[PDB]
Structure formats: C-alpha cells, structure tokens
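Student: What follows is a single structure, and I will ask about it in a moment.
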Amino acid sequence: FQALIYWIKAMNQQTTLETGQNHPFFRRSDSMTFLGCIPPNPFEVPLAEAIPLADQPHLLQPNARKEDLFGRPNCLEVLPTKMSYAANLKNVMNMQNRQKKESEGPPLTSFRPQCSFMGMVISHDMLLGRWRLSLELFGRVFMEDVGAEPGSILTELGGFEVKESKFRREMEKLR
Amino acid sequence: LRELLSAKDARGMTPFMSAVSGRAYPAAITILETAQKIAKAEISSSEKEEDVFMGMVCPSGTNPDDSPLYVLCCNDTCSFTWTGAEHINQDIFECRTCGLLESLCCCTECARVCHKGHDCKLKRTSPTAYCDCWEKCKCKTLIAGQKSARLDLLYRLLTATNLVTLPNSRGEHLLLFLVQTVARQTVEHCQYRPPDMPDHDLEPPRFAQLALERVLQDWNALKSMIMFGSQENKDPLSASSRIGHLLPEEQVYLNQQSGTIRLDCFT
Ligand SMILES: [Zn+2]
Ligand SMILES: [Zn+2]
Ligand SMILES: [Zn+2]
C-alpha cells in the first residue's frame with residue numbers, strides 16, 4: 001500500500017505542475033481539516049459539538065484520537081461495506097470493468113501524465129479518507145518499520161510523540 | 001360476557017388466561033370456544049373480529065412471559081411427582097427471594113413457575129438432588145391436570161392465534177424453547193425407574209415431545225423460527241435492537257448484517 005501511494009502521489013505532483021462564510025477567517029484551520037473531509041459547518045453546528053476540545057479544555061490527552069478533539073467527520077464513493085474478501089474482489093473487478101467499458105506537438109517539458117485507470121481520478125487524500133481506520137492503526141503498529149521508508153506516508157499520521165522525537169533531537173542539538 | 005372476559009385481574013389476566021394458569025384446561029377450552037363466538041357475534045362493530053378476540057385471549061400490553069401459548073408449555077409437573085425423594089442428575093436453582101439459599105434448591109419447572117419473577121439463579125452444586133419447593137413453599141407444579149385436555153387446548157391455540165410468532169422474555173422463539181426442553185428431558189427421564197409428603201411415583205411427562213412434534217408441522221411456526229434474526233423478525237432482547245439514537249453512518253453499517261446465533265443454536 002505505502003509503495004502504491006508513492007506512485008500515485010508522484011503522478012499527482014506531475015498533474016499539479018469577502019464577508020462570505022467562505023472567507024479564510026471562517027474556514028477550518030490546522031488540525032481541524034480531516035483527511036479528504038469537508039467541514040461540519042461551525043454556523044450550523046453548536047460550538048459544543050463542532051470542537052469537543054474547545055468545549056472541554058481538559059479533554060486533550062497526548063494519545064487521544066484527533067477525531068475526538070475536533071469532532072468526528074464509483075470505486076471510492078461507495079464505502080467498504082462488505083466483510084467477505086471475495087465479494088470485494090468481485091466488485092473491484094466489476095468496477096474496473098466499468099472503466100474498461102522528436103515529438104510533434106508536445107515536447108517532454110509539456111508532458112501531462114496522471115493516474116487514470118481503476119478510478120477515473122485518484123488523489124491520495126481520497127484514499128486516506130477511505131481506509132482511515134486501517135491507516136491510523138498502521139500509523140501506530142507499523143511506524144517503526146514501514147515508517148522507515150523515505151518519506152513514508154505513515155509519518156503523516158504521526159501524532160504527538162513523532163513530533164516530540166524530532167523535538168528532543170533539535171533541542172538537544174541546539175543546547 | 002365480552003366485558004367480563006376482557007376484564008383483567010390484579011395480575012393482568014383475563015378469566016381465560018387464569019384458566020390456563022390454573023391448569024383448568026376444560027374451563028379454558030369452554031371460555032376459548034365462547035370467546036370465538038363472542039368475537040364472531042360482534043362482527044357488526046367497526047372493530048376487526050381479531051381485535052376483540054385477541055383482547056379476550058391475550059390483551060395488548062401483556063408481558064410476553066404471560067402469553068397463553070407460552071404459559072401452556074411451561075405448565076409441566078415438578079420432577080418430584082415421578083422421582084419422589086430419590087436423587088437424580090438434573091438442573092437446579094436457588095431462589096433468594098424465598099430463603100432457598102445455596103444449600104437448598106428447586107428444579108427447573110418450579111423455578112420457571114413456582115418462583116416466576118423472584119431472584120433465581122442457576123446453582124453450582126452437584127446435580128444429584130430432589131427439589132425442596134414442595135416442602136418449603138406452596139408449590140404450584142405438583143398438579144398434572146387433565147393431559148388430554150392440555151393437548152387439545154394446545155392444538156386449538158396453534159390454529160386460533162398468531163401467538164406462535166412471539167419470543168419469550170429471554171428472546172427464545174417458542175420452538176427453540178421446546179427443543180431445549182426435549183433435549184433436557186431426554187437425560188432426566190432416563191433416570192426414572194418403576195416402583196404429609198406429596199403424591200410421588202407418577203409417570204414422567206411426554207408433553208414437550210408431543211408439543212414439539214405438532215408445532216413442527218405448522219408452517220407459520222417453522223417460517224417464524226427460520227426467519228428469526230432477519231431485519232423484519234427483529235429480536236427484541238440482547239440483540240442491537242435499539243439503534244435510532246446513533247449517528248447515521250453507524251446505522252448504515254450496522255443495519256447490513258443479520259443474525260443467526262439462535263437459528264444455529266436450534267439447528
Ligand atoms: Zn420442583
Ligand atoms: Zn414448585
Ligand atoms: Zn421464589
């Protein structure tokens with residue numbers, strides 16, 4: 001999984017290369033914008049409910065799940081509902097069948113690749129949205145090993161202690 | 001008559017339900033025939049025939065543990081009527097509400113009927129025991145009644161009423177209750193031997209086997225048991241039965257599975 005995201009992530013880097021409630025003051029900020037998610041709007045949702053940490057300040061713990069503190073949030077749109085392995089495989093293949101069913105002009109500097117098969121467009125945020133719990137669990141259990149890959153996507157699920165591991169190294173280096 | 005038969009006593013029971021509770025099966029039959037006549041007489045009303053009939057037989061808001069078709073099956077005799085004071089290997093219960101603390105005990109039938117609604121717990125001592133309930137208390141399982149009338153009443157209820165579809169107060173569908181009963185009796189009755197204290201030396205009851213054989217012939221009973229645990233046939237108890245208060249995402253997952261633990265335990 002880690003490697004197959006690497007491939008799509010690289011492809012995506014090739015693809016990218018008011019008083020409104022939409023004004024940046026009203027938008028959700030750092031820690032608040034969940035993986036591939038859209039805000040529980042703070043003008044429709046009670047403060048108490050939108051941010052249980054802002055409601056209850058003593059709720060913060062070092063190893064609390066981020067989902068608590070800021071309120072719980074086609075091949076990818078339909079959720080992983082079935083538990084059976086086999087039916088998922090069969091559905092995967094049927095969905096894949098749905099999508100199945102000198103250079104003149106551009107020089108290389110103008111090459112416009114992407115990932116387009118299996119889904120019509122994949123961006124890694126969607127997949128981080130889909131397998132959210134599996135990811136978080138890997139983001140605790142496999143961090144020492146799969147997290148040692150260069151730029152391993154598991155470190156992005158790294159909580160407090162990952163940042164603190166850098167903190168000692170930097171502060172002791174500065175000391 | 002409709003009023004007198006739909007009126008409820010101090011324990012919620014119509015006269016019909018009382019006749020069943022007291023083992024007066026011919027009286028229960030007499031009233032049940034009459035109740036059908038009464039319901040069929042008031043067909044000129046803006047009620048459905050059934051509403052009146054169900055009102056007299058088993059009224060709306062009845063605690064499921066008192067539904068007549070279930071009560072008729074619970075009405076077996078205490079083991080003591082056929083074991084006497086001999087010690088046989090059987091299940092036993094303490095009853096703390098009654099001072100039947102852990103040295104003392106009663107057999108399964110007393111616990112189900114003589115101590116209904118008390119604090120009773122399945123005891124952990126050796127199973128080789130008779131049942132103290134006839135001696136320490138006013139034991140209601142000592143009387144067999146008329147066996148032929150008990151069976152006739154069962155047949156009538158099975159065709160008169162939809163009561164076969166209800167689970168009991170522990171979520172057991174009637175069939176799952178009967179088959180466990182037969183399996184239990186099979187072991188207990190094999191210990192029986194021919195030859196102020198109550199009448200002993202009676203022959204053991206075969207009603208559960210007869211009842212199981214007859215109920216298994218009813219399509220509705222069988223369909224109702226096999227479809228148990230489906231989304232339609234929602235088990236009231238111990239079975240994720242309240243869900244509307246959870247946020248919608250968890251409902252859309254948790255509606256998708258279906259239950260078989262009881263269907264598998266029966267089979
Ligand atoms: Zn007994
Ligand atoms: Zn008793
Ligand atoms: Zn008792």
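Starting from 1 in every chain, residues are counted up; chains themselves are A, B, ... following the order of the structure tokens, and ligands are numbered from 1 as listed.
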Which residues are close to residue 158 (chain B), i.e. within 8 Å by only C-alpha atoms, leaving aside same-chain residues fewer than 4 positions away? Reply as a VMD selection string.
Tutor: chain B and resid 69 154 162 to 164 215
Student: Can I get the selected residues back with N, CA and C atoms, as a PDB file, in the first residue's frame?
Tutor:
ATOM      1  N   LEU B  69     -50.050 -19.188  24.965  1.00  0.00           N
ATOM      2  CA  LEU B  69     -49.450 -20.322  24.265  1.00  0.00           C
ATOM      3  C   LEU B  69     -48.121 -20.710  24.911  1.00  0.00           C
ATOM      4  N   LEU B 154     -53.751 -27.004  23.379  1.00  0.00           N
ATOM      5  CA  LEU B 154     -52.607 -26.587  22.565  1.00  0.00           C
ATOM      6  C   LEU B 154     -52.961 -26.561  21.081  1.00  0.00           C
ATOM      7  N   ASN B 162     -52.082 -16.002  16.490  1.00  0.00           N
ATOM      8  CA  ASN B 162     -50.734 -15.777  15.952  1.00  0.00           C
ATOM      9  C   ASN B 162     -49.647 -15.805  17.041  1.00  0.00           C
ATOM     10  N   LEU B 163     -49.980 -16.260  18.257  1.00  0.00           N
ATOM     11  CA  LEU B 163     -49.044 -16.190  19.387  1.00  0.00           C
ATOM     12  C   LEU B 163     -47.754 -16.974  19.150  1.00  0.00           C
ATOM     13  N   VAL B 164     -47.756 -17.933  18.218  1.00  0.00           N
ATOM     14  CA  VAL B 164     -46.548 -18.711  17.930  1.00  0.00           C
ATOM     15  C   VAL B 164     -45.397 -17.807  17.488  1.00  0.00           C
ATOM     16  N   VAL B 215     -45.991 -28.745  16.794  1.00  0.00           N
ATOM     17  CA  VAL B 215     -45.626 -27.382  16.405  1.00  0.00           C
ATOM     18  C   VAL B 215     -44.795 -27.395  15.128  1.00  0.00           C
TER      19      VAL B 215
END
Student: Taking the DSSP secondary structure from the backbone, can you list the residues of region 116-240 of chain B that are alpha helix (DSSP H), as a ChimeraX atom specification?
Tutor: /B:133-136,147-160,174-189,207-215,219-226
Student: Around ligand 2, out to 8 Å and counting only C-alpha atoms and all ligand atoms, which residues are there? I want them as JSON, numbers by chain.
Tutor: {"B": [78, 106, 107, 109, 110, 111, 113, 114, 115, 131, 132, 133, 134, 137, 138, 139, 140, 141, 142]}
Student: Just the residues within 10 Å of region 34-43 of chain B, please, counting only C-alpha atoms, with nothing from its chain fewer than 4 positions along; format it as a list in words.
Tutor: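 What passes the distance filter is residues 1, 2, 5, 6, 16, 28, 29, 30, 47, 48, 49, 50, 51, 52, 53, 54, 55, 56, 57 and 160 of chain B.
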Student: Compute the chain B side of the contact with chain A at 12 Å, counting only C-alpha atoms, and hand it back as a VMD selection string.
Tutor: chain B and resid 247 to 257
Student: Which residues come within 10 Å of residue 140 (chain A), counting only C-alpha atoms, excluding same-chain residues fewer than 5 positions away, as an mmCIF file with N, CA and C atoms, in the first residue's frame?
Tutor:
data_model
loop_
_atom_site.group_PDB
_atom_site.id
_atom_site.type_symbol
_atom_site.label_atom_id
_atom_site.label_comp_id
_atom_site.auth_asym_id
_atom_site.auth_seq_id
_atom_site.Cartn_x
_atom_site.Cartn_y
_atom_site.Cartn_z
ATOM 1 N N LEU A 135 -5.450 2.810 8.188
ATOM 2 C CA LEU A 135 -4.321 3.732 8.172
ATOM 3 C C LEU A 135 -3.910 4.139 9.578
ATOM 4 N N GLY A 147 7.242 2.918 8.440
ATOM 5 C CA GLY A 147 7.551 4.343 8.610
ATOM 6 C C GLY A 147 9.012 4.712 8.359
ATOM 7 N N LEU A 154 3.135 6.862 6.436
ATOM 8 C CA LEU A 154 2.731 6.626 7.828
ATOM 9 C C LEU A 154 3.133 7.773 8.761
ATOM 10 N N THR A 155 4.288 8.424 8.542
ATOM 11 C CA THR A 155 4.679 9.506 9.463
ATOM 12 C C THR A 155 3.715 10.689 9.422
ATOM 13 N N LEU A 157 0.523 10.407 9.591
ATOM 14 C CA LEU A 157 -0.372 10.019 10.679
ATOM 15 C C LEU A 157 0.346 10.025 12.037
ATOM 16 N N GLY A 158 1.581 10.532 12.076
ATOM 17 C CA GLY A 158 2.353 10.590 13.318
ATOM 18 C C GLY A 158 1.789 11.616 14.296
ATOM 19 N N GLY A 159 1.375 11.161 15.481
ATOM 20 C CA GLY A 159 0.818 12.038 16.499
ATOM 21 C C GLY A 159 1.882 12.814 17.265
#
Student: Residues contacting ligand 3 - anything with an atom at most 6 Å away, using only C-alpha atoms and all ligand atoms - can you give me those as a ChimeraX atom specification?
Tutor: /B:95,97-98,115,118
Student: Counting only C-alpha atoms, what is within 12 Å of residue 19 (chain B), bar same-chain residues fewer than 4 positions away, as a list in words?
Tutor: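 Returned residues: residues 5, 13, 14, 15, 23, 24, 25, 26, 27, 28, 29, 30, 31, 32, 57, 68, 71, 72, 75, 145, 150 and 153 of chain B.
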